[PDB]
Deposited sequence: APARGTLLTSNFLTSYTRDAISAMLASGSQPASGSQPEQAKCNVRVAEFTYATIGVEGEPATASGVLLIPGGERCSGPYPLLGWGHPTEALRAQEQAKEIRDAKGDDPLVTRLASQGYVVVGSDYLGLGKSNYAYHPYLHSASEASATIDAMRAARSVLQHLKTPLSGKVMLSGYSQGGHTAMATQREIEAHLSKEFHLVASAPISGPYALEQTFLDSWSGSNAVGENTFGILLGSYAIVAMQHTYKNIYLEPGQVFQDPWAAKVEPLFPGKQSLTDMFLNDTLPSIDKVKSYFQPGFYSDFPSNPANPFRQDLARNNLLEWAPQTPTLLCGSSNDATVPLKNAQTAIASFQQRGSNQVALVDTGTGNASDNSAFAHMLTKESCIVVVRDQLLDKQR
């Protein structure tokens, strides 16, 4: 099947404009009812081979919400639970998700891929933080969603936008780079708003390698770092033959099945599935642990570098959002990205900070606060203006 081919589609539920406004009042008022749909489609693996993936599609509608509507591609955050589907999660939350309450409720058609290896995808693993497949999965999800929209005769303006949070910010930017570089005719990209993404991927890991960075403690480092190592090994197959080369026992034998696996990151963190960040020296092999930050030739480090999103010149109006309180993904990422873009001749990228400005609020948990705060800010400052 050709990339983007729609394999299956299904509508789950719909939320009224008033129901959404009620959630917002607990003041912004929704203007659209929102329909939730799910779908599966044909796409490609990391080697360009055929693969499948699933996705979520939010469709606005209503008497005060006539089209045409812009199409917003969305990148979701780190997901360790293999079976997780965004569409069903929103359904379970009965509409309580910012994609519904802040974007779709305002007339934005939202499409998000669950990514390779997650949701209903047939991929054996998830290429975590892999720019190429994050982009291919997102692009093909948008292609398939357009087929669903065509059949429904949903009025689209033709304008396309991108956004995403956390790993999704990396996804959003990687997708933006790919569309500008090859698919500008197919997708009329008018706005991109990556949120709290690790654009300077390699440097981000280096900065927090000790377990803490200039902002604060990288509390979820063992979980996120492990996901990255296992995924990069699957994708590039150039780090280790046996996990024991990188992880100490008993961790070496139990780490691969977890990323992705039968547990969510929330579950793993609350129930201490893996050691806490303060015990990082008992987790990673001492050799690998000292080699990574001091040796640019380290294979895992090299794989992270291949996925940096710094060396290019963005053409689409872009707004990077984050918080200076964020210790999981330091805002340094956005600052570094913009400096690199400007050096390459691009002045299309701006930055916005939603932090409190008080170091007392610096925390790994401040990361999650940027999801809705930034969605609201980028919508107001950039997305709405490009509709």
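According to the record, no C-alpha positions are given for deposited positions 1, 28-36, numbered from 1.
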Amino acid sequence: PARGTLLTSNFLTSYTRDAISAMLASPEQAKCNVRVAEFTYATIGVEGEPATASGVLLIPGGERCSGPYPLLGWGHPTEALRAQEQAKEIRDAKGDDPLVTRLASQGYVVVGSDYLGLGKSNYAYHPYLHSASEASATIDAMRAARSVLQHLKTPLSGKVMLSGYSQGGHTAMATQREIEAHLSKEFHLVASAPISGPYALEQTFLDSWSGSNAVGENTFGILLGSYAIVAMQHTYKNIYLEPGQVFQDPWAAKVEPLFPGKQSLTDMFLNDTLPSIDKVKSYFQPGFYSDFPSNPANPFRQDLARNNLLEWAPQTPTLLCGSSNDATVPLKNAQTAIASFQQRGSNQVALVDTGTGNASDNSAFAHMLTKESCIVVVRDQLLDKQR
From here on, numbers count along this sequence of modelled residues.
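Taking the mean C-alpha B-factor of each stretch as recorded, 253-261 and 160-168 are not equal, and the higher mean is that of 253-261.
As the entry records it, the average C-alpha temperature factor is higher for 267-275, out of 174-182 and 267-275. Between the residues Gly112, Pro77, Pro127, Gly211, the entry's highest C-alpha temperature factor is the one at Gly211. Taking only the listed residues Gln245, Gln315, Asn308, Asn298, the entry reports the highest CA temperature factor at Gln315.
In the PDB entry, a CA B factor belonging to the highest third of its chain's modelled residues is recorded for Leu351. Split the chain's modelled residues into thirds by C-alpha temperature factor. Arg17 is in the highest one. Split the chain's modelled residues into thirds by C-alpha temperature factor. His188 is in the middle one.
Annotation for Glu89: CA B-factor lies in the highest third of the chain's modelled residues.
Sorting the modelled residues of the chain by their CA temperature factor places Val377 in the middle third.
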